[PDB]
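Listing of model29.json, JSON, C-alpha atoms
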[["chain", "number", "residue", "atom", "x", "y", "z"],
["P", 1, "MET", "CA", 28.68, 32.37, -18.30],
["P", 2, "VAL", "CA", 30.56, 34.60, -20.83],
["P", 3, "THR", "CA", 33.29, 33.63, -23.29],
["P", 4, "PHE", "CA", 35.62, 36.18, -24.87],
["P", 5, "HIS", "CA", 36.80, 34.72, -28.22],
["P", 6, "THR", "CA", 40.02, 36.66, -28.81],
["P", 7, "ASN", "CA", 42.72, 36.44, -31.53],
["P", 8, "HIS", "CA", 45.04, 34.97, -28.85],
["P", 9, "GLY", "CA", 42.46, 32.43, -27.57],
["P", 10, "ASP", "CA", 39.30, 31.98, -25.56],
["P", 11, "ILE", "CA", 38.73, 33.41, -22.09],
["P", 12, "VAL", "CA", 35.80, 31.99, -20.05],
["P", 13, "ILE", "CA", 34.26, 34.26, -17.38],
["P", 14, "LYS", "CA", 31.83, 33.74, -14.54],
["P", 15, "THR", "CA", 29.72, 36.70, -13.39],
["P", 16, "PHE", "CA", 28.79, 37.56, -9.78],
["P", 17, "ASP", "CA", 25.17, 38.48, -10.48],
["P", 18, "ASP", "CA", 24.24, 38.41, -6.79],
["P", 19, "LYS", "CA", 27.12, 40.57, -5.52],
["P", 20, "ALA", "CA", 27.19, 43.20, -8.27],
["P", 21, "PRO", "CA", 23.59, 43.31, -9.77],
["P", 22, "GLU", "CA", 23.60, 46.55, -11.79],
["P", 23, "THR", "CA", 27.19, 46.09, -12.93],
["P", 24, "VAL", "CA", 26.57, 42.55, -14.17],
["P", 25, "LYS", "CA", 23.30, 43.62, -15.85],
["P", 26, "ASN", "CA", 25.16, 46.49, -17.62],
["P", 27, "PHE", "CA", 28.07, 44.18, -18.65],
["P", 28, "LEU", "CA", 25.80, 41.47, -19.98],
["P", 29, "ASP", "CA", 23.69, 43.98, -21.97],
["P", 30, "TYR", "CA", 26.77, 45.19, -23.82],
["P", 31, "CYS", "CA", 27.83, 41.57, -24.38],
["P", 32, "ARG", "CA", 24.35, 40.48, -25.62],
["P", 33, "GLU", "CA", 24.06, 43.42, -28.13],
["P", 34, "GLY", "CA", 27.47, 42.81, -29.76],
["P", 35, "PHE", "CA", 29.14, 45.84, -28.20],
["P", 36, "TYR", "CA", 32.42, 44.00, -27.34],
["P", 37, "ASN", "CA", 32.74, 42.30, -30.76],
["P", 38, "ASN", "CA", 35.72, 43.74, -32.65],
["P", 39, "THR", "CA", 36.92, 45.55, -29.60],
["P", 40, "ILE", "CA", 40.54, 45.61, -28.41],
["P", 41, "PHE", "CA", 42.52, 45.35, -25.19],
["P", 42, "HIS", "CA", 43.84, 48.93, -25.41],
["P", 43, "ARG", "CA", 45.80, 49.09, -22.14],
["P", 44, "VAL", "CA", 48.23, 46.32, -21.09],
["P", 45, "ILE", "CA", 50.44, 46.75, -18.03],
["P", 46, "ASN", "CA", 52.32, 43.61, -17.06],
["P", 47, "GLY", "CA", 52.37, 43.00, -13.31],
["P", 48, "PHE", "CA", 49.10, 44.97, -12.91],
["P", 49, "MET", "CA", 46.19, 44.36, -15.34],
["P", 50, "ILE", "CA", 44.87, 44.24, -18.90],
["P", 51, "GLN", "CA", 42.03, 46.56, -19.93],
["P", 52, "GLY", "CA", 39.56, 46.59, -22.78],
["P", 53, "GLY", "CA", 36.00, 47.14, -23.86],
["P", 54, "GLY", "CA", 36.08, 50.74, -25.13],
["P", 55, "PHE", "CA", 37.84, 50.92, -28.49],
["P", 56, "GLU", "CA", 37.84, 49.28, -31.92],
["P", 57, "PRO", "CA", 41.25, 48.59, -33.70],
["P", 58, "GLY", "CA", 42.40, 52.05, -34.86],
["P", 59, "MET", "CA", 41.67, 53.41, -31.30],
["P", 60, "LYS", "CA", 38.18, 54.43, -32.40],
["P", 61, "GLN", "CA", 36.04, 54.85, -29.28],
["P", 62, "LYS", "CA", 32.57, 53.28, -29.34],
["P", 63, "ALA", "CA", 29.39, 55.01, -28.14],
["P", 64, "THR", "CA", 28.30, 53.92, -24.65],
["P", 65, "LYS", "CA", 25.10, 54.08, -22.66],
["P", 66, "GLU", "CA", 24.75, 56.15, -19.44],
["P", 67, "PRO", "CA", 27.21, 55.46, -16.53],
["P", 68, "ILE", "CA", 26.51, 53.15, -13.66],
["P", 69, "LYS", "CA", 26.70, 53.45, -9.91],
["P", 70, "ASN", "CA", 29.70, 52.05, -8.22],
["P", 71, "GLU", "CA", 28.80, 48.82, -6.47],
["P", 72, "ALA", "CA", 32.37, 48.17, -5.11],
["P", 73, "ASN", "CA", 31.29, 47.72, -1.44],
["P", 74, "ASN", "CA", 30.18, 44.12, -2.09],
["P", 75, "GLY", "CA", 32.83, 42.07, -0.35],
["P", 76, "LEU", "CA", 34.69, 41.07, -3.58],
["P", 77, "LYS", "CA", 38.36, 41.90, -3.92],
["P", 78, "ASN", "CA", 40.69, 42.66, -6.86],
["P", 79, "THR", "CA", 42.56, 39.40, -6.75],
["P", 80, "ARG", "CA", 44.32, 37.75, -9.74],
["P", 81, "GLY", "CA", 41.81, 36.61, -12.36],
["P", 82, "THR", "CA", 38.94, 38.90, -11.29],
["P", 83, "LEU", "CA", 37.31, 41.43, -13.60],
["P", 84, "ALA", "CA", 36.47, 44.94, -12.39],
["P", 85, "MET", "CA", 35.11, 48.09, -13.93],
["P", 86, "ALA", "CA", 37.35, 50.84, -15.09],
["P", 87, "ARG", "CA", 35.93, 54.36, -14.77],
["P", 88, "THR", "CA", 36.98, 58.04, -14.57],
["P", 89, "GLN", "CA", 37.91, 59.82, -11.30],
["P", 90, "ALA", "CA", 34.22, 60.25, -10.39],
["P", 91, "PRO", "CA", 32.97, 57.05, -8.55],
["P", 92, "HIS", "CA", 29.71, 56.57, -10.53],
["P", 93, "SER", "CA", 31.18, 56.92, -14.00],
["P", 94, "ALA", "CA", 31.81, 53.37, -15.27],
["P", 95, "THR", "CA", 30.26, 52.54, -18.60],
["P", 96, "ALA", "CA", 31.71, 49.60, -20.64],
["P", 97, "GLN", "CA", 35.45, 49.36, -19.93],
["P", 98, "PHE", "CA", 36.66, 46.60, -17.68],
["P", 99, "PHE", "CA", 40.05, 45.26, -16.70],
["P", 100, "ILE", "CA", 41.31, 41.84, -15.65],
["P", 101, "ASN", "CA", 43.62, 41.76, -12.62],
["P", 102, "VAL", "CA", 46.68, 39.66, -13.51],
["P", 103, "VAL", "CA", 48.04, 39.88, -9.95],
["P", 104, "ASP", "CA", 46.37, 40.69, -6.58],
["P", 105, "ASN", "CA", 45.79, 44.44, -6.55],
["P", 106, "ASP", "CA", 44.58, 45.03, -3.04],
["P", 107, "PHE", "CA", 45.12, 48.79, -3.44],
["P", 108, "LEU", "CA", 42.06, 48.80, -5.80],
["P", 109, "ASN", "CA", 39.56, 47.54, -3.23],
["P", 110, "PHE", "CA", 36.74, 49.63, -1.68],
["P", 111, "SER", "CA", 37.77, 51.20, 1.67],
["P", 112, "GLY", "CA", 35.11, 53.94, 2.06],
["P", 113, "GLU", "CA", 32.50, 56.04, 0.23],
["P", 114, "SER", "CA", 34.87, 58.82, -0.73],
["P", 115, "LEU", "CA", 36.66, 59.92, -3.96],
["P", 116, "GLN", "CA", 39.83, 57.96, -3.01],
["P", 117, "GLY", "CA", 38.21, 55.17, -1.02],
["P", 118, "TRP", "CA", 35.46, 53.99, -3.44],
["P", 119, "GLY", "CA", 37.83, 51.75, -5.38],
["P", 120, "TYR", "CA", 36.94, 49.52, -8.35],
["P", 121, "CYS", "CA", 33.96, 47.28, -8.55],
["P", 122, "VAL", "CA", 34.67, 43.54, -8.95],
["P", 123, "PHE", "CA", 31.85, 41.82, -10.86],
["P", 124, "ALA", "CA", 33.31, 38.68, -12.49],
["P", 125, "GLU", "CA", 36.14, 36.18, -12.61],
["P", 126, "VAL", "CA", 38.15, 34.17, -15.15],
["P", 127, "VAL", "CA", 37.38, 30.43, -14.72],
["P", 128, "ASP", "CA", 39.15, 29.14, -17.87],
["P", 129, "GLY", "CA", 41.81, 30.70, -20.10],
["P", 130, "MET", "CA", 44.12, 32.46, -17.56],
["P", 131, "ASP", "CA", 47.04, 31.16, -19.67],
["P", 132, "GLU", "CA", 45.49, 33.27, -22.46],
["P", 133, "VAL", "CA", 45.34, 36.29, -20.07],
["P", 134, "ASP", "CA", 49.02, 35.66, -19.24],
["P", 135, "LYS", "CA", 50.00, 35.64, -22.98],
["P", 136, "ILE", "CA", 48.30, 39.04, -23.47],
["P", 137, "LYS", "CA", 49.88, 40.74, -20.34],
["P", 138, "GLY", "CA", 53.35, 40.17, -21.80],
["P", 139, "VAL", "CA", 52.86, 41.66, -25.30],
["P", 140, "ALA", "CA", 55.00, 44.59, -26.53],
["P", 141, "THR", "CA", 53.26, 47.89, -25.97],
["P", 142, "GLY", "CA", 53.73, 51.56, -26.86],
["P", 143, "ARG", "CA", 51.96, 54.91, -27.17],
["P", 144, "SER", "CA", 48.96, 55.57, -29.42],
["P", 145, "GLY", "CA", 47.67, 59.10, -29.51],
["P", 146, "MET", "CA", 47.72, 60.11, -25.87],
["P", 147, "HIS", "CA", 47.19, 56.52, -24.78],
["P", 148, "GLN", "CA", 50.11, 54.78, -23.14],
["P", 149, "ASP", "CA", 50.62, 50.97, -22.89],
["P", 150, "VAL", "CA", 48.70, 50.20, -26.10],
["P", 151, "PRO", "CA", 49.62, 46.76, -27.69],
["P", 152, "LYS", "CA", 51.72, 47.19, -30.87],
["P", 153, "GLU", "CA", 49.79, 44.40, -32.50],
["P", 154, "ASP", "CA", 46.06, 44.47, -31.73],
["P", 155, "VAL", "CA", 44.63, 42.04, -29.19],
["P", 156, "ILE", "CA", 41.06, 41.71, -30.46],
["P", 157, "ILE", "CA", 37.90, 40.28, -28.87],
["P", 158, "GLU", "CA", 36.43, 38.98, -32.12],
["P", 159, "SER", "CA", 33.20, 37.68, -30.70],
["P", 160, "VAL", "CA", 31.42, 37.17, -27.40],
["P", 161, "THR", "CA", 29.33, 34.18, -26.43],
["P", 162, "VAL", "CA", 26.81, 34.68, -23.61],
["P", 163, "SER", "CA", 25.55, 31.40, -22.19],
["P", 164, "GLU", "CA", 23.49, 30.90, -19.07]]
What's the structure tokens form of this structure?
Amino acid sequence: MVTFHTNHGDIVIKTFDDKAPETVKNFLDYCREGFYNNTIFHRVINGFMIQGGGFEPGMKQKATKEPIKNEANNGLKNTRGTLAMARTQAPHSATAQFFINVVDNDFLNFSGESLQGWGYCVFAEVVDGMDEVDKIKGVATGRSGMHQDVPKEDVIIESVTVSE
């Protein structure tokens, strides 16, 4: 189990270790070494998702480990409350950034091993604290640097608790 202790409340997450093995191992290693502590939710788009895990408060990007292979063909779908990996346009490029689906985003699911079909790998799900996720999706956002939909006031993951 993982808990995100944020400055808007606690979010409790269950991982799908069995369905996304490398992705969950990568996510938990960042969690266990303190990588997500003092990290923000840098991209908030109401009616779509909230994304975090890459930047500290003044949009300072943190150093990541090597990218992981896309495990999206695992039967899990981008439904409301699930966590999936963000990445670049290459399929096997995810490192530490994740997003939480705040609605069902079926357009993000795997449909084939191709640049447009690979989709986004679901690896976890919110079991407690979705009211907290719904407070964050509705915050006022703007532009920071070349980043759009950045919260005007920082939404910070202060600490992460990893429990079995």
Rounded to one decimal place, report the CA of residue 69 (chain P)-CA of residue 111 (chain P) distance in Å.
16.2 Å
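Each of P:63, P:121, P:130, P:90 was compared to residue 102 (chain P) using only C-alpha atoms, and P:130 turns out to be the nearest.
Nearest to residue 126 (chain P) of all the residues P:161, P:3, P:73, P:95 is P:3, counting only C-alpha atoms.
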Please build the interface table for region 38-123 of chain P against region 14-23 of chain P with a cut-off of 9 Å, listing for each qualifying residue the nearest atom pair and the distance in Å to one decimal; count all atoms listed in the file, order rows by chain and increasing number, and write it as CSV.
residue,atom,partner,partner_atom,distance
P:68,CA,P:23,CA,7.1
P:69,CA,P:22,CA,7.8
P:70,CA,P:23,CA,8.0
P:71,CA,P:20,CA,6.1
P:72,CA,P:20,CA,7.8
P:74,CA,P:19,CA,5.8
P:75,CA,P:19,CA,7.8
P:76,CA,P:19,CA,7.8
P:83,CA,P:15,CA,8.9
P:85,CA,P:23,CA,8.2
P:94,CA,P:23,CA,8.9
P:121,CA,P:20,CA,7.9
P:122,CA,P:20,CA,7.5
P:123,CA,P:16,CA,5.4
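Closest approach to residue 135 (chain P) from the set P:118, P:84, P:155, P:12 is made by P:155, with distances taken over only C-alpha atoms.
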Give me the residues within 12 Å of residue 65 (chain P) as an MDAnalysis selection string, counting all atoms listed in the file and dropping any in the same chain fewer than 6 places off.
chainID P and resid 26:27 29:30 35 54 93:97
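Interatomic distance, CA of residue 119 (chain P) to CA of residue 103 (chain P): 16.3 Å.
Reported to one decimal place, the separation of CA of residue 100 (chain P) from CA of residue 61 (chain P) is 19.6 Å.
Nearest residue to residue 52 (chain P), choosing from P:115, P:86, P:13, P:31 and counting only C-alpha atoms: P:86.
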Since fewer atoms than expected are present, regenerate N, CA, C and O atoms for region 78-96 of chain P and write them as a PDB file, in the frame of the given file.
ATOM      1  N   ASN P  78      39.895  42.688  -5.626  1.00  0.00           N
ATOM      2  CA  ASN P  78      40.690  42.660  -6.860  1.00  0.00           C
ATOM      3  C   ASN P  78      41.888  41.725  -6.841  1.00  0.00           C
ATOM      4  O   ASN P  78      43.067  42.073  -6.839  1.00  0.00           O
ATOM      5  N   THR P  79      41.553  40.457  -6.728  1.00  0.00           N
ATOM      6  CA  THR P  79      42.560  39.400  -6.750  1.00  0.00           C
ATOM      7  C   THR P  79      42.834  38.911  -8.164  1.00  0.00           C
ATOM      8  O   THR P  79      42.070  39.152  -9.095  1.00  0.00           O
ATOM      9  N   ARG P  80      43.988  38.297  -8.428  1.00  0.00           N
ATOM     10  CA  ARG P  80      44.320  37.750  -9.740  1.00  0.00           C
ATOM     11  C   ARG P  80      43.191  36.908 -10.369  1.00  0.00           C
ATOM     12  O   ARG P  80      42.637  35.980  -9.772  1.00  0.00           O
ATOM     13  N   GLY P  81      42.826  37.296 -11.581  1.00  0.00           N
ATOM     14  CA  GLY P  81      41.810  36.610 -12.360  1.00  0.00           C
ATOM     15  C   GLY P  81      40.445  37.260 -12.287  1.00  0.00           C
ATOM     16  O   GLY P  81      39.537  36.897 -13.037  1.00  0.00           O
ATOM     17  N   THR P  82      40.234  38.207 -11.371  1.00  0.00           N
ATOM     18  CA  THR P  82      38.940  38.900 -11.290  1.00  0.00           C
ATOM     19  C   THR P  82      38.860  40.029 -12.312  1.00  0.00           C
ATOM     20  O   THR P  82      39.866  40.613 -12.725  1.00  0.00           O
ATOM     21  N   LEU P  83      37.646  40.305 -12.752  1.00  0.00           N
ATOM     22  CA  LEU P  83      37.310  41.430 -13.600  1.00  0.00           C
ATOM     23  C   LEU P  83      36.636  42.547 -12.776  1.00  0.00           C
ATOM     24  O   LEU P  83      35.730  42.327 -11.952  1.00  0.00           O
ATOM     25  N   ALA P  84      37.072  43.771 -13.014  1.00  0.00           N
ATOM     26  CA  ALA P  84      36.470  44.940 -12.390  1.00  0.00           C
ATOM     27  C   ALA P  84      36.238  46.061 -13.387  1.00  0.00           C
ATOM     28  O   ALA P  84      36.768  46.071 -14.501  1.00  0.00           O
ATOM     29  N   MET P  85      35.385  46.995 -13.032  1.00  0.00           N
ATOM     30  CA  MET P  85      35.110  48.090 -13.930  1.00  0.00           C
ATOM     31  C   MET P  85      36.117  49.220 -13.824  1.00  0.00           C
ATOM     32  O   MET P  85      36.541  49.688 -12.750  1.00  0.00           O
ATOM     33  N   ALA P  86      36.545  49.632 -15.011  1.00  0.00           N
ATOM     34  CA  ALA P  86      37.350  50.840 -15.090  1.00  0.00           C
ATOM     35  C   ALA P  86      36.353  51.995 -15.107  1.00  0.00           C
ATOM     36  O   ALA P  86      35.144  51.833 -15.328  1.00  0.00           O
ATOM     37  N   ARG P  87      36.824  53.200 -14.835  1.00  0.00           N
ATOM     38  CA  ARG P  87      35.930  54.360 -14.770  1.00  0.00           C
ATOM     39  C   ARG P  87      36.732  55.664 -14.858  1.00  0.00           C
ATOM     40  O   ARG P  87      37.915  55.655 -15.215  1.00  0.00           O
ATOM     41  N   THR P  88      36.161  56.831 -14.622  1.00  0.00           N
ATOM     42  CA  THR P  88      36.980  58.040 -14.570  1.00  0.00           C
ATOM     43  C   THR P  88      37.272  58.372 -13.109  1.00  0.00           C
ATOM     44  O   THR P  88      37.138  57.502 -12.246  1.00  0.00           O
ATOM     45  N   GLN P  89      37.682  59.569 -12.711  1.00  0.00           N
ATOM     46  CA  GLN P  89      37.910  59.820 -11.300  1.00  0.00           C
ATOM     47  C   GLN P  89      36.640  60.024 -10.486  1.00  0.00           C
ATOM     48  O   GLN P  89      36.657  60.012  -9.253  1.00  0.00           O
ATOM     49  N   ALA P  90      35.482  60.195 -11.123  1.00  0.00           N
ATOM     50  CA  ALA P  90      34.220  60.250 -10.390  1.00  0.00           C
ATOM     51  C   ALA P  90      33.791  58.822 -10.050  1.00  0.00           C
ATOM     52  O   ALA P  90      33.886  57.944 -10.905  1.00  0.00           O
ATOM     53  N   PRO P  91      33.323  58.443  -8.868  1.00  0.00           N
ATOM     54  CA  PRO P  91      32.970  57.050  -8.550  1.00  0.00           C
ATOM     55  C   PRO P  91      31.884  56.392  -9.391  1.00  0.00           C
ATOM     56  O   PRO P  91      31.938  55.203  -9.666  1.00  0.00           O
ATOM     57  N   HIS P  92      30.853  57.137  -9.806  1.00  0.00           N
ATOM     58  CA  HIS P  92      29.710  56.570 -10.530  1.00  0.00           C
ATOM     59  C   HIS P  92      29.745  56.822 -12.045  1.00  0.00           C
ATOM     60  O   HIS P  92      28.764  57.125 -12.716  1.00  0.00           O
ATOM     61  N   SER P  93      30.928  56.604 -12.606  1.00  0.00           N
ATOM     62  CA  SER P  93      31.180  56.920 -14.000  1.00  0.00           C
ATOM     63  C   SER P  93      31.494  55.757 -14.918  1.00  0.00           C
ATOM     64  O   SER P  93      31.735  55.948 -16.113  1.00  0.00           O
ATOM     65  N   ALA P  94      31.527  54.519 -14.411  1.00  0.00           N
ATOM     66  CA  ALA P  94      31.810  53.370 -15.270  1.00  0.00           C
ATOM     67  C   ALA P  94      30.762  53.158 -16.346  1.00  0.00           C
ATOM     68  O   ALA P  94      29.569  53.375 -16.145  1.00  0.00           O
ATOM     69  N   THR P  95      31.208  52.869 -17.547  1.00  0.00           N
ATOM     70  CA  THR P  95      30.260  52.540 -18.600  1.00  0.00           C
ATOM     71  C   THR P  95      30.542  51.140 -19.110  1.00  0.00           C
ATOM     72  O   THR P  95      29.975  50.192 -18.565  1.00  0.00           O
ATOM     73  N   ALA P  96      31.460  50.927 -20.062  1.00  0.00           N
ATOM     74  CA  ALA P  96      31.710  49.600 -20.640  1.00  0.00           C
ATOM     75  C   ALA P  96      33.111  48.994 -20.482  1.00  0.00           C
ATOM     76  O   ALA P  96      33.356  47.815 -20.687  1.00  0.00           O
TER      77      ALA P  96
END
